[PDB]
Structure formats: C-alpha cells, structure tokens
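The block underneath contains the structure these notes are about, expressed in structure tokens.
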Amino acid sequence: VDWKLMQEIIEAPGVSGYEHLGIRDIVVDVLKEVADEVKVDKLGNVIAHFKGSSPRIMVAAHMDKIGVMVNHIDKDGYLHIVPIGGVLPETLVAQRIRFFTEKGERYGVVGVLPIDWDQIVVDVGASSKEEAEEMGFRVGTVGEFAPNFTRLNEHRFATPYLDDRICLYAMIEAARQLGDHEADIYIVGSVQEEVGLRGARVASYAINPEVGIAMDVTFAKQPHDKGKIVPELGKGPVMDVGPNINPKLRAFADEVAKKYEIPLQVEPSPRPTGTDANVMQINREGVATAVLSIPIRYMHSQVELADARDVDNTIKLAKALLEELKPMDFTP
Amino acid sequence: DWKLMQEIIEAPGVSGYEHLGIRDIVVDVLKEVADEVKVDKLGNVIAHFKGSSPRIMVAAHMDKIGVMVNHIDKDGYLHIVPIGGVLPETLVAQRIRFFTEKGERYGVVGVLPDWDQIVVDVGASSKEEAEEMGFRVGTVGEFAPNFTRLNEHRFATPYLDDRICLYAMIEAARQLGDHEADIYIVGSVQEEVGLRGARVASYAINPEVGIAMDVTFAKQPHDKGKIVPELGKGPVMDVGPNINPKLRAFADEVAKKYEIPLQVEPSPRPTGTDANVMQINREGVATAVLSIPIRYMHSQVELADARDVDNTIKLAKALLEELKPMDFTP
Amino acid sequence: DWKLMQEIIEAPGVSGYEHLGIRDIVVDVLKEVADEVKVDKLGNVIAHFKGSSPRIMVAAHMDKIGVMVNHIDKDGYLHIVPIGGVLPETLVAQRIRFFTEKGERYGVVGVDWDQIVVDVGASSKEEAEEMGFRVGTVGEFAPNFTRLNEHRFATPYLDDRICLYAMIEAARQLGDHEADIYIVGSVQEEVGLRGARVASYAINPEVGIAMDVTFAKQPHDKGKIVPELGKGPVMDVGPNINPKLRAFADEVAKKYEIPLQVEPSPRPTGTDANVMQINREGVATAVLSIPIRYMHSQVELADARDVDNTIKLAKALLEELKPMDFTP
C-alpha cells in the first residue's frame with residue numbers, strides 16, 4: 001500500500017474525456033514496467049497485456065473523474081460552468097476548483113450569497129471577460145475538485161476522487177505484484193465511465209474477453225443511510241451478486257477469498273450498472289463478469305473516505321484471483 | 001507581505017479561544033513597536049502608543065467563527081454546534097481543523113447520495129476511539145485553512161474576517177510614524193458572539209475617539225445591486241447613525257490629502273461591528289468604521305483585493321498621524 | 001431541607017415583583033450568616049461574606065416567568081400577557097396564582113395569547129375588580145410539589161429557585177475562605193439579565209459564577225442534550241467560560257470527589273454570567289447548573305443528589321479559590 005503512489009494516482013489530472021491531461025501517462029508507465037505490452041486506443045483507454053494461455057480475462061478500473069466545464073464568461077470575468085458527470089451542485093458551495101487552462105493550472109472559487117446551476121458562478125480573480133481569458137480561461141476549459149488529501153489516522157483517509165482512482169491504484173498494484181498465471185490477462189484503465197461507460201465498451205470489444213472484472217468503488221454504511229447500505233469500511237473488499245454477475249465466476253471468487261483468508265463482503269445488486277462491468281457483460285457474444293469494489297463513504301464529494309485495510313485486501317484478492325484463474329465452464 | 005498576512009489569517013483562535021494561537025502572534029508583532037502590551041481577563045490584546053491627545057482606540061477582532069463538539073455517538077461520529085455565524089450550507093463536504101488533546105486533528109462533514117444531522121467523520125469506529133484520538137465534548141474546530149492567491153492582487157481564503165483587518169491594523173501599527181494622539185491598538189476577542197471583547201477593552205481605555213477596522217460586503221454575483229462597495233476600489237468607510245460626522249469628514253480630508261481611494265457605504269443602523277459598543281461606551285465616543293471589502297463573507301472562500309488591503313493600511317496610519325484634538329460634538 | 005427548598009421554590013415573585021415574597025426570604029436567611037446584606041434600587045439582594053481576594057460574585061435569579069393582566073372583559077374574564085418565557089401551550093387547563101391587593105386569588109385557563117382567557121369565578125368586570133383584580137395584576141403557575149420518590153421530584157419554577165436554594169444552602173454552610181464573596185439573588189433575569197447587570201457593576205468582581213438550571217436528557221430530545229439527571233452538577237465550557245476558572249473547578253470537584261458533568265455552551269449563555277463577564281473591565285466567569293427535565297413548565301423535574309452535589313461543589317469552590325491569574 002504505497003501512499004505516495006496512491007495519492008498521485010488519486011490527484012493526477014483527468015476528467016472524463018480528458019484523461020490524457022495527466023492520469024493516462026501514469027497508468028501507462030507503471031504498467032509498461034510489468035506488462036508484456038501496453039497500448040492506448042482511439043478513445044484513450046490504456047490496455048496492458050499480461051500474456052497467458054487461458055482463459056482470457058479483462059479487468060478494468062476507470063481513469064476519469066467527474067468535473068465541470070466553462071459554458072461562458074461574463075463581462076465581470078466570472079465563469080458559468082456545467083457538470084461533467086454526476087456533479088452535485090451542493091458540493092460546489094464555497095469550494096475551490098482546479099482548472100486546466102492554456103496558461104497551465106488555475107484556481108477558482110464558487111462563492112455564496114452573504115440549488116441549481118448558473119446560480120453557481122465561479123470567481124477567478126478577474127474583473128472583465130477579457131481579463132479572465134487572458135488568464136487562460138476559455139469556453140470549454142475543464143475543472144476538478146481541488147485536491148486535498150486527508151490522512152485521518154493509521155487506516156482511514158479522505159480525499160476527492162477515490163472514485164475511481166482508489167480502485168485504479170489497487171488494480172495497478174495487483175498487476176505490479178502479479179505472479180504466475182495461466183490466464184491471458186488484459187488490465188485496462190478505461191475512459192469516460194462517468195459519462196456512459198463508453199470506454200470499457202470500446203475496449204472490451206477490441207479485447208473480446210471471456211471473463212471480465214470491473215474494479216469500482218461502492219457505498220459503505222454511513223450516517224443517515226437508513227440501514228439500506230450493506231458494506232462497511234474496514235470489512236474488506238466487496239463483491240456484488242445479481243443479474244450482472246456470473247455465478248460460476250462469483251463462486252470461484254468466494255473460494256479464492258476463502259483460500260487466501262481474505263475478508264470479502266457481499267452486496268446486493270438486482271440491476272447492473274454504473275460499473276464498466278455493465279457494458280462488458282453484453283460485449284459481442286457475451287462475457288462472464290463480476291464486480292470487485294472498495295467501499296467508501298460520501299461518494300461524489302470532496303470528502304470520499306476509505307480504509308487502507310480494504311484497499312489492501314482488494315489488491316491481495318485481485319492478485320489471487322488472477323493467479324488462481326484457469327480454464328472453466330462459465331455457462332450458467 | 002503575503003507571508004505575515006497568511007500567518008495572521010490561519011493562526012488558531014475561535015471566539016473565546018483566541019489564546020490557541022492568534023493572541024501570541026498579535027502580541028509579539030506589536031511588542032516590537034508598542035510602548036506597552038497587555039491582555040485582560042477576556043483575552044483582549046491592548047497595545048499602547050503614548051501620545052498627548054486625543055485618546056484614540058482602534059480595534060480589530062482576533063476571533064473566528066467555528067464549531068464545537070456537542071457529543072460523540074457510539075460509531076465515533078461527532079455532532080457539532082456552531083460558534084458564530086456558521087451556516088450549515090458551508091459545512092457540507094468540507095474539512096474541519098479541530099484542536100484536540102493530542103493536537104490539531106482533522107474531520108470531514110459528509111453527505112448522502114438542521115445542525116442535528118451535521119455529522120463529522122474523524123475516522124473512528126467507536127466513541128472510545130474518537131475519544132482515544134483526543135476528541136472531547138466541547139472540543140472546538142474551524143474551517144480548514146486553504147489560502148489561494150488567484151493572481152497578483154486577488155486572493156481567497158477562509159477567515160478573511162476579520163483577520164485581514166487585524167493584519168492591516170497590525171501592519172499600519174508597525175509603520176506608524178509620529179502621532180500627537182494617544183493611541184491604543186486593540187486585538188479584541190469574542191466579537192463574533194456579541195462584540196463582547198470591545199465592550200470591556202473600551203471601558204478600560206475610555207477613548208474620546210474610536211475606530212473599528214472590520215470587513216464589509218463587496219459587489220458580487222447575485223447581490224442584486226444592493227451592495228455598494230467594490231473590490232479594488234479602496235478601503236471603505238460608512239456613513240450613518242453610529243458614524244460621528246466630524247470624524248468622518250476628517251477621514252475624507254486625510255484620504256484626499258494622501259490621495260488614498262476611499263469608498264463610502266451607507267449604514268442606516270448601528271452595525272455588527274466593535275464600533276457599535278465603542279460609541280455607546282461610558283459617556284459616548286466619536287466613532288467611525290474603516291473596512292476592507294470582501295466577497296462571500298462567512299464562508300471558506302471569502303475573497304479580497306490586496307490593493308484594498310494596501311490602501312487600508314495607508315489610510316490607517318495617515319489618520320493616526322493627522323489626528324489632532326478637535327470638537328466631535330455633532 | 002425539602003421544607004426550605006419547597007418554600008424557596010413556591011415563594012411568590014415573578015420578574016420585577018420579587019418583593020412579593022422571595023426577596024424577604026432570601027434576605028432573612030442570608031442575613032443570618034453573611035457579614036452584611038443589602039437590597040439595591042432594582043431589588044437585587046446582595047449578601048457580603050468579607051474576604052481577602054479574589055472578589056467573587058455568585059448569582060442565582062429570584063424571579064419567575066409568569067403573566068400579567070392586560071384587561072378584564074364585561075363577563076369578568078381576564079386577558080393576560082406573558083412575563084418572560086411563557087408559552088400559552090403550558091397554560092391550557094392550568095391553575096394560575098394571582099396577587100391582588102385583597103390577597104392571593106386563583107384562576108383557571110379552560111378549554112396567540114388572544115385565546116387565553118382566565119376564569120376567576122367572576123360574572124362581571126365589576127365583580128372581578130371587586131375580588132381584587134386590576135390591569136397589571138401579575139400571576140404565576142399554581143404551586144404543586146410532587147416528590148416522585150427518594151430522589152426525584154417535579155414542581156413549577158425549579159428555574160431558577162432550585163439553584164437559588166442551592167446557593168443559599170451553600171452560603172449557610174460556608175466555612176473558611178480567602179475570597180471576598182458576594183452572594184447575589186438577582187432580579188429581572190427572565191426579562192434580560194437586567195438585575196445581574198446592575199449588581200455586577202456595583203460589586204465589580206474579578207470572578208463571577210452563575211448558578212442556573214440546564215436541560216437534562218429527556219424523552220424526545222433526540223440525543224441532543226448531554227447532561228443527565230443523577231450524574232451531578234453541570235459546568236459549561238465555551239466563550240462565556242473562563243478556561244482557568246473552569247480548569248480550577250475541575251480540580252476542586254475531583255479533590256472532593258464530586259461528580260461533575262460537562263456541557264457545550266457554544267454561545268453566550270442566557271444566564272446572569274452573560275452580563276457578569278462583560279461587566280466594567282471584564283470578569284473571569286463560569287456557570288454551575290443543576291440539570292432538570294421539562295424546563296419552563298409546571299412539571300420541571302430534578303434529582304435531589306444533583307442538588308446536593310451542587311451545594312457541595314459550590315461550597316468547595318468558594319472555600320478553595322484564592323488569587324490566581326485568570327488571563328486566558
């Protein structure tokens with residue numbers, strides 16, 4: 001559990017469709033060191049191949065973050081933005097936003113009068129539209145929650161964009177530590193998941209895997225959750241059960257966990273998605289999919305919080321599944 | 001001086017707890033040039049700059065609005081209460097700097113996919129554990145610092161009120177030349193909870209002239225043209241009932257003399273400023289208010305213009321030096 | 001002393017009318033032990049227990065919340081207005097004790113203060129006036145002292161008579177002390193801490209302690225109340241509270257092994273201590289309270305042990321304090 005590597009994976013620039021701004025390069029480099037080959041497709045997916053014989057498996061964690069984009073700039077240099085993904089305007093009050101302009105990274109704050117959009121005006125220190133632009137701002141400039149990593153103690157930490165950068169980091173770590181494996185493995189850092197799981201769809205079509213595992217984050221029990229949330233922090237990684245989940249693959253997961261003595265949580269999901277596993281399962285002739293998740297609290301806010309112990313068991317389980325996988329009958 | 005200014009701003013010290021950090025900063029910074037410095041039973045820092053007449057009191061509160069822990073639940077979450085004008089709205093998905101037994105520790109307010117339901121996560125899984133970490137009923141916290149200089153002039157950061165005026169005042173104090181007036185510079189406490197500190201300090205000082213250096217609203221989005229002051233246009237000084245006319249005309253003169261740009265804003269009512277209790281203190285005092293305009297007051301993103309802070313300091317010392325006995329009787 | 005206690009609790013005296021009964025009781029009982037006892041122009045009772053230093057003022061308000069008669073209608077019913085924090089909610093189907101020139105007269109509210117009509121058994125305005133009723137006649141919750149058991153009891157006007165009793169009992173049992181003590185029974189607290197303000201100005205103490213009642217955990221409080229009945233006196237922490245004085249209190253309570261609860265009072269308290277702290281040049285203040293349930297109603301209920309432990313701590317604190325720096 002590398003904290004520095006974890007943090008930079010978490011804070012590397014890369015909103016949906018702009019993953020090339022920083023995160024993609026990190027993923028490629030860290031993967032090229034252990035993979036037999038690493039490519040980047042038309043949409044920006046990073047596909048690392050770890051040669052094996054069978055079965056052919058695809059594991060994916062998205063690299064994109066939710067964020068905002070400048071719709072226009074007014075005469076007084078203020079910015080009017082729109083969301084990129086599931087951005088809660090409630091989480092944009094009295095918050096700092098990291099924008100990526102021509103002249104590099106520039107900050108802006110969303111004030112409050114001493115909620116719906118365009119009631120959301122960003123202040124960037126300008127006095128006119130002309131001045132804002134001269135600062136590098138333009139129609140289409142994108143922004144992200146300002147980074148802020150908070151280590152609360154031994155285990156727990158809070159920060160923007162644990163979704164899905166914490167699962168990305170877990171996948172990458174398991175891949176760096178992968179041992180012997182007869183499965184033909186493809187580790188994918190997908191793009192545009194926050195806006196339609198469009199990255200995993202394109203990559204699963206190119207890869208055409210038999211087995212597919214999406215590593216995403218999931219809700220953890222928290223205040224005012226009214227008891228509807230099953231998973232709990234510190235209780236280990238989570239693996240769904242439901243229509244989107246292949247029983248043979250999921251049953252194999254239990255065993256691996258049992259064998260390596262890794263705590264594993266079960267989470268109801270009577271539908272699919274928003275993981276990449278949704279579009280992976282209906283890819284071409286059909287894929288046996290499963291979901292491996294890290295539970296976090298306060299999803300989609302500047303304070304998503306996780307427990308390093310879960311991250312750890314996710315890395316172990318991910319690795320153990322990959323090495324334990326061999327030819328099987330996935331037909332339900 | 002961005003270094004010193006940020007220090008004054010982020011120094012600990014919520015209403016009633018100014019001794020956690022801000023109090024010492026202020027004292028030290030002033031012992032350098034002040035003839036005497038002391039602190040009363042409430043924590044007011046009072047610096048004396050001996051002069052003949054008139055006796056003038058200038059104040060800027062050192063207290064920040066913040067929160068306090070009401071209780072810790074079984075799962076280790078904190079339930080807080082507001083100290084000062086804290087809006088539940090500025091507490092969602094935000095970080096809180098708490099001052100526990102074991103030192104400064106952080107917590108975060110959560111959310112889901114009126115204070116009662118403002119629960120703070122500090123990373124504990126039990127009450128015993130939260131306590132183990134140094135959290136006690138009564139523990140206080142403040143917005144987490146995050147100083148952001150937007151450009152050459154503008155910057156945004158929590159607790160611009162009233163630390164920016166406190167800076168400005170301290171700075172003008174350090175740069176004070178010759179003055180005929182007997183000057184008292186006060187770092188007031190508990191101003192956010194009822195101008196309680198200024199009351200006491202002014203009763204002890206008993207000045208003929210008093211000036212409050214606080215922050216005011218600047219034109220910003222959705223203000224509906226109701227706010228007069230504008231960032232970048234200089235320090236502001238009110239006009240109205242609790243603003244002594246003679247004193248205010250004077251400042252108008254000193255301003256134009258030193259050519260400092262000066263904004264004017266109406267205040268038809270005695271304001272939530274220390275100059276409120278200063279004027280009605282003892283037999284009455286000729287009072288005026290000198291403010292730095294800021295946007296988004298009482299939030300983590302209050303923003304100001306350095307050029308305004310600059311002129312406020314210029315005007316501050318100029319007034320303090322040009323001040324000579326005169327009649328303030330309206 | 002349940003008898004002295006019930007008597008301090010039931011003694012007449014709403015805000016501004018403390019002279020109707022409680023004042024003289026407070027005066028009489030304090031005169032027996034204090035070195036001097038005086039009544040200022042606003043009605044505050046100020047008892048001095050001469051000492052060296054620091055000079056300390058301790059206050060508990062003698063006033064009660066209540067009602068006043070606005071006018072009498074043709075049919076002899078009274079129309080009242082509240083004196084203090086009285087809510088018509090607590091007036092339905094309740095008996096009210098009025099004070100007329102003819103003496104104590106009772107009235108009942110049957111089954112927004114424009115719907116609160118008091119019936120006194122009169123048939124006409126003239127008969128009501130003949131019974132002793134006038135515009136300005138004041139009234140209180142009828143006394144009704146219920147001992148539930150060995151420790152708990154319920155009664156109107158535990159606020160703030162219970163703390164008044166405690167302070168008085170502590171003063172009567174006071175032993176050797178170095179501080180220059182001033183025990184005050186303040187007036188008009190329920191309408192602006194008016195009494196304590198003037199009293200502190202005169203005394204000009206260096207230290208000040210307010211003894212009031214505070215909320216105790218009770219049904220439907222949804223976990224928002226810290227203090228509980230039976231777990232001892234309570235001492236606030238916050239801006240209105242001087243850290244060093246509070247620290248001192250802690251050590252005293254520990255030294256005597258007196259249970260002491262803590263309560264977060266984030267804002268300037270609604271007690272005499274509020275005005276004591278900003279009095280003249282400033283004062284190191286703190287708050288000592290007895291927790292009670294159902295505040296401001298006819299059934300305010302408390303626990304005897306807490307009352308007792310409050311007297312102990314109050315006594316101990318006064319005998320134990322001495323000159324020390326209170327500068328935060």
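Residues are named by chain letter and number: chains run A, B, ... in the order of the structure tokens, numbers start at 1 in each chain, and ligands are numbered from 1 in the order shown.
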- prompt: Got a sec: who's within 10 Å of residue 111 in chain C, counting only C-alpha atoms, leaving out chain neighbours fewer than 4 positions off, as a list in words?
  reply: residues 92, 93, 94, 115, 116 and 117 of chain C
Residue 266 in chain C environment, 12 Å, only C-alpha atoms, sequence neighbours closer than 3 positions dropped, as a ChimeraX atom specification: /B:14-17,65-70,80-86,137-141,190,192-193 /C:236-241,263,269-270
Write the residues of the preceding selection, restricted to C-alpha atoms, as a short mmCIF file (atom, residue, chain, number, x, y, z; two decimals), in the first residue's frame.
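again20.cif was written with the following content:
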data_model
loop_
_atom_site.label_atom_id
_atom_site.label_comp_id
_atom_site.auth_asym_id
_atom_site.auth_seq_id
_atom_site.Cartn_x
_atom_site.Cartn_y
_atom_site.Cartn_z
CA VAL B 14 -12.19 30.85 17.53
CA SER B 15 -14.39 33.14 19.68
CA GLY B 16 -13.36 32.58 23.28
CA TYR B 17 -10.26 30.57 22.35
CA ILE B 65 -16.43 31.71 13.77
CA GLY B 66 -16.26 27.94 14.13
CA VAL B 67 -17.80 24.81 15.62
CA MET B 68 -17.76 22.85 18.87
CA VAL B 69 -18.42 19.19 19.63
CA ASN B 70 -21.75 18.68 21.38
CA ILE B 80 -21.22 19.74 16.43
CA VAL B 81 -22.74 23.11 17.27
CA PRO B 82 -21.93 26.50 15.69
CA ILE B 83 -19.77 29.16 17.31
CA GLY B 84 -20.63 32.37 15.48
CA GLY B 85 -22.45 32.89 12.19
CA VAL B 86 -21.70 29.45 10.74
CA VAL B 137 -17.34 17.09 24.30
CA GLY B 138 -16.52 20.78 23.96
CA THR B 139 -13.64 20.33 21.52
CA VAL B 140 -13.63 23.22 19.03
CA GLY B 141 -12.77 23.44 15.36
CA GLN B 190 -15.47 37.42 21.24
CA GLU B 192 -18.34 37.26 16.56
CA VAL B 193 -20.50 36.44 19.59
CA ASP C 236 -20.45 24.73 30.82
CA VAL C 237 -17.46 25.19 28.50
CA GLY C 238 -17.32 27.81 25.79
CA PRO C 239 -16.68 31.53 25.12
CA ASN C 240 -18.68 32.71 28.13
CA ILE C 241 -16.49 30.37 30.21
CA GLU C 263 -21.96 20.76 28.64
CA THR C 269 -25.25 31.85 27.86
CA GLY C 270 -28.73 33.08 28.76
#
task: Would you return as number ranges by chain the members of range 14-156 of chain C that DSSP assigns to strand (DSSP E or B) on this structure's backbone?
output: C: 14, 36-39, 45-49, 55-61, 64, 66-72, 78-83, 94-100, 103-109, 117-119, 138-141, 146-147, 152-154
Take the selection from the previous step and output its residues with C-alpha atoms, as an mmCIF file, in the first residue's frame.
data_model
loop_
_atom_site.group_PDB
_atom_site.id
_atom_site.type_symbol
_atom_site.label_atom_id
_atom_site.label_comp_id
_atom_site.auth_asym_id
_atom_site.auth_seq_id
_atom_site.Cartn_x
_atom_site.Cartn_y
_atom_site.Cartn_z
ATOM 1 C CA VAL C 14 -42.120 36.992 39.076
ATOM 2 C CA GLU C 36 -23.859 42.302 55.531
ATOM 3 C CA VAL C 37 -26.984 42.028 53.363
ATOM 4 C CA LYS C 38 -28.389 44.772 51.158
ATOM 5 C CA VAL C 39 -31.101 45.348 48.551
ATOM 6 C CA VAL C 45 -30.397 41.040 47.235
ATOM 7 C CA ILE C 46 -26.640 41.360 47.774
ATOM 8 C CA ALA C 47 -25.078 39.438 50.697
ATOM 9 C CA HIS C 48 -21.401 40.076 51.533
ATOM 10 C CA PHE C 49 -19.101 37.500 53.125
ATOM 11 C CA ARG C 55 -13.556 39.273 44.876
ATOM 12 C CA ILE C 56 -16.179 36.860 43.623
ATOM 13 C CA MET C 57 -19.805 37.389 42.728
ATOM 14 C CA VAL C 58 -22.120 34.368 42.650
ATOM 15 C CA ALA C 59 -25.675 34.869 41.429
ATOM 16 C CA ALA C 60 -28.957 32.950 41.151
ATOM 17 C CA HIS C 61 -32.075 34.795 39.992
ATOM 18 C CA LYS C 64 -40.158 33.627 37.941
ATOM 19 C CA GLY C 66 -45.466 34.401 34.748
ATOM 20 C CA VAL C 67 -48.329 36.530 33.458
ATOM 21 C CA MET C 68 -49.871 39.971 33.866
ATOM 22 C CA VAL C 69 -53.462 41.086 33.436
ATOM 23 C CA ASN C 70 -53.916 43.233 30.321
ATOM 24 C CA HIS C 71 -57.659 43.804 30.729
ATOM 25 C CA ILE C 72 -60.925 42.482 32.177
ATOM 26 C CA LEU C 78 -59.151 38.182 32.428
ATOM 27 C CA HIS C 79 -56.938 38.656 29.385
ATOM 28 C CA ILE C 80 -53.268 38.081 30.206
ATOM 29 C CA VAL C 81 -49.890 38.672 28.603
ATOM 30 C CA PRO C 82 -46.692 36.760 29.440
ATOM 31 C CA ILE C 83 -43.864 37.889 31.730
ATOM 32 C CA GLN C 94 -53.928 25.049 34.296
ATOM 33 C CA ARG C 95 -54.495 26.929 37.578
ATOM 34 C CA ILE C 96 -52.898 30.367 37.934
ATOM 35 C CA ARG C 97 -51.991 32.057 41.223
ATOM 36 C CA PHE C 98 -52.617 35.830 41.117
ATOM 37 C CA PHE C 99 -51.536 38.521 43.568
ATOM 38 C CA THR C 100 -54.171 41.198 44.226
ATOM 39 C CA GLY C 103 -54.509 38.840 48.638
ATOM 40 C CA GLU C 104 -53.893 35.683 46.641
ATOM 41 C CA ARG C 105 -56.644 34.798 44.194
ATOM 42 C CA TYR C 106 -56.719 31.829 41.810
ATOM 43 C CA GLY C 107 -57.935 31.461 38.231
ATOM 44 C CA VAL C 108 -58.140 28.716 35.600
ATOM 45 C CA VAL C 109 -57.446 28.708 31.860
ATOM 46 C CA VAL C 117 -58.907 33.704 28.762
ATOM 47 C CA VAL C 118 -58.694 33.297 32.525
ATOM 48 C CA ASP C 119 -61.763 32.449 34.586
ATOM 49 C CA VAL C 138 -49.500 39.544 37.986
ATOM 50 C CA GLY C 139 -49.736 35.788 38.349
ATOM 51 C CA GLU C 140 -47.793 32.508 38.490
ATOM 52 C CA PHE C 141 -48.159 28.778 37.907
ATOM 53 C CA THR C 146 -44.589 16.278 43.737
ATOM 54 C CA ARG C 147 -41.952 14.014 45.238
ATOM 55 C CA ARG C 152 -36.755 12.799 42.126
ATOM 56 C CA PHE C 153 -39.422 15.426 42.361
ATOM 57 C CA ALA C 154 -41.372 17.647 39.998
#
field: Neighbours of chain A in chain B at 10 Å, counting only C-alpha atoms, as a PyMOL selection string
entry: chain B and resi 75+77+89-95+105-113+117-125+133+146+148-158+217-218+220-223+231-232+295-305
field: Residues flagged alpha helix (DSSP H) by DSSP in range 141-282 of chain B, as a PyMOL selection string
entry: chain B and resi 160-174+196-205+245-258+275-279
field: All residues 7 Å or closer to range 124-128 of chain C, only C-alpha atoms, same chain fewer than 2 positions away omitted, as a VMD selection string
entry: chain C and resid 72 to 76 122 130 to 133
Could the residues in this selection be written to a file with N, CA, C and O atoms, as a PDB file, in the first residue's frame?
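And here's selection.pdb as it stands now:
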ATOM      1  N   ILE C  72     -59.816  43.304  31.710  1.00  0.00           N
ATOM      2  CA  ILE C  72     -60.925  42.482  32.177  1.00  0.00           C
ATOM      3  C   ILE C  72     -62.144  42.734  31.284  1.00  0.00           C
ATOM      4  O   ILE C  72     -62.486  43.889  31.010  1.00  0.00           O
ATOM      5  N   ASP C  73     -62.800  41.674  30.819  1.00  0.00           N
ATOM      6  CA  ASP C  73     -63.962  41.871  29.961  1.00  0.00           C
ATOM      7  C   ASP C  73     -65.257  41.970  30.753  1.00  0.00           C
ATOM      8  O   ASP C  73     -65.289  41.701  31.955  1.00  0.00           O
ATOM      9  N   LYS C  74     -66.319  42.369  30.060  1.00  0.00           N
ATOM     10  CA  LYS C  74     -67.641  42.548  30.648  1.00  0.00           C
ATOM     11  C   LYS C  74     -68.095  41.382  31.515  1.00  0.00           C
ATOM     12  O   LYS C  74     -68.721  41.578  32.553  1.00  0.00           O
ATOM     13  N   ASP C  75     -67.781  40.169  31.079  1.00  0.00           N
ATOM     14  CA  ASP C  75     -68.189  38.972  31.798  1.00  0.00           C
ATOM     15  C   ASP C  75     -67.222  38.559  32.894  1.00  0.00           C
ATOM     16  O   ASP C  75     -67.317  37.461  33.447  1.00  0.00           O
ATOM     17  N   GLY C  76     -66.288  39.453  33.199  1.00  0.00           N
ATOM     18  CA  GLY C  76     -65.336  39.204  34.265  1.00  0.00           C
ATOM     19  C   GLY C  76     -64.219  38.222  34.012  1.00  0.00           C
ATOM     20  O   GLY C  76     -63.656  37.691  34.961  1.00  0.00           O
ATOM     21  N   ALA C 122     -65.752  35.111  38.475  1.00  0.00           N
ATOM     22  CA  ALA C 122     -66.485  36.365  38.454  1.00  0.00           C
ATOM     23  C   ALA C 122     -67.531  36.300  37.356  1.00  0.00           C
ATOM     24  O   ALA C 122     -67.430  35.487  36.440  1.00  0.00           O
ATOM     25  N   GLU C 130     -63.850  43.734  42.045  1.00  0.00           N
ATOM     26  CA  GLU C 130     -64.239  43.696  43.446  1.00  0.00           C
ATOM     27  C   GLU C 130     -63.460  42.598  44.172  1.00  0.00           C
ATOM     28  O   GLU C 130     -63.205  42.704  45.367  1.00  0.00           O
ATOM     29  N   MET C 131     -63.091  41.542  43.450  1.00  0.00           N
ATOM     30  CA  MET C 131     -62.334  40.434  44.036  1.00  0.00           C
ATOM     31  C   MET C 131     -60.865  40.802  44.221  1.00  0.00           C
ATOM     32  O   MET C 131     -60.118  40.082  44.878  1.00  0.00           O
ATOM     33  N   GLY C 132     -60.453  41.919  43.628  1.00  0.00           N
ATOM     34  CA  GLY C 132     -59.080  42.368  43.756  1.00  0.00           C
ATOM     35  C   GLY C 132     -58.301  42.437  42.457  1.00  0.00           C
ATOM     36  O   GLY C 132     -57.119  42.773  42.469  1.00  0.00           O
ATOM     37  N   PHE C 133     -58.952  42.136  41.335  1.00  0.00           N
ATOM     38  CA  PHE C 133     -58.276  42.152  40.041  1.00  0.00           C
ATOM     39  C   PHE C 133     -58.193  43.502  39.335  1.00  0.00           C
ATOM     40  O   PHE C 133     -59.191  44.200  39.175  1.00  0.00           O
TER      41      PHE C 133
END
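Here CA of residue 113 in chain C stands at a distance of 29.7 Å from CA of residue 225 in chain C.
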Give me, as CSV, each residue of chain C that comes within 9 Å of chain B, together with its shortest interatomic pair and the distance in Å at one decimal, counting only C-alpha atoms, with rows ordered by chain and rising residue number.
residue,atom,partner,partner_atom,distance
C:206,CA,B:41,CA,8.6
C:222,CA,B:116,CA,8.9
C:223,CA,B:71,CA,8.8
C:224,CA,B:116,CA,7.5
C:225,CA,B:70,CA,8.3
C:226,CA,B:71,CA,7.0
C:236,CA,B:138,CA,8.8
C:237,CA,B:138,CA,6.4
C:238,CA,B:16,CA,6.7
C:239,CA,B:16,CA,3.9
C:240,CA,B:16,CA,7.2
C:241,CA,B:16,CA,7.9
C:242,CA,B:42,CA,7.7
C:243,CA,B:17,CA,8.8
C:262,CA,B:137,CA,7.4
C:263,CA,B:138,CA,7.2
C:264,CA,B:138,CA,5.1
C:265,CA,B:138,CA,8.2
C:266,CA,B:83,CA,5.5
C:267,CA,B:83,CA,6.3
C:268,CA,B:193,CA,6.9
C:277,CA,B:42,CA,8.2
C:278,CA,B:200,CA,5.9
C:279,CA,B:200,CA,7.1
C:280,CA,B:200,CA,6.1
C:281,CA,B:200,CA,4.8
C:282,CA,B:200,CA,5.5
C:283,CA,B:41,CA,6.2
C:284,CA,B:41,CA,6.0
C:325,CA,B:41,CA,8.3
C:326,CA,B:41,CA,5.8
C:327,CA,B:41,CA,4.4
C:328,CA,B:43,CA,5.8
Selection from above, C-alpha atoms, as a tab-separated table (two decimals), in the first residue's frame, can you write it?
chain	number	residue	atom	x	y	z
C	206	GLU	CA	-12.87	39.79	39.44
C	222	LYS	CA	-33.25	13.11	20.11
C	223	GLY	CA	-29.84	12.75	21.79
C	224	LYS	CA	-29.08	16.47	21.56
C	225	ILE	CA	-28.82	17.00	25.35
C	226	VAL	CA	-25.65	15.98	27.13
C	236	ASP	CA	-20.45	24.73	30.82
C	237	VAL	CA	-17.46	25.19	28.50
C	238	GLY	CA	-17.32	27.81	25.79
C	239	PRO	CA	-16.68	31.53	25.12
C	240	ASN	CA	-18.68	32.71	28.13
C	241	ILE	CA	-16.49	30.37	30.21
C	242	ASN	CA	-13.09	31.36	31.56
C	243	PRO	CA	-10.70	28.43	30.89
C	262	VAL	CA	-19.77	18.90	31.06
C	263	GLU	CA	-21.96	20.76	28.64
C	264	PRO	CA	-21.10	22.57	25.41
C	265	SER	CA	-22.49	26.08	25.72
C	266	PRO	CA	-21.23	27.41	22.32
C	267	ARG	CA	-22.93	30.81	22.56
C	268	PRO	CA	-23.01	33.49	25.26
C	277	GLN	CA	-18.43	38.64	32.07
C	278	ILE	CA	-18.72	41.91	30.09
C	279	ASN	CA	-19.13	43.96	33.26
C	280	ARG	CA	-16.97	47.07	33.53
C	281	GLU	CA	-13.43	45.85	32.72
C	282	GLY	CA	-14.18	42.16	32.25
C	283	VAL	CA	-14.66	39.21	34.60
C	284	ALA	CA	-13.49	35.59	34.69
C	325	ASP	CA	-4.16	34.63	37.04
C	326	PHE	CA	-7.34	34.22	35.03
C	327	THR	CA	-5.89	35.76	31.88
C	328	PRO	CA	-6.69	33.14	29.20
field: Interatomic distance (Å, one decimal) between CA of residue 173 in chain C and CA of residue 27 in chain C
entry: 16.1 Å
field: Test item: residues at most 6 Å from range 308-323 of chain B, only C-alpha atoms, excluding those fewer than 4 positions along its chain, as a ChimeraX atom specification
entry: /B:168,172,176,179,232,234-235
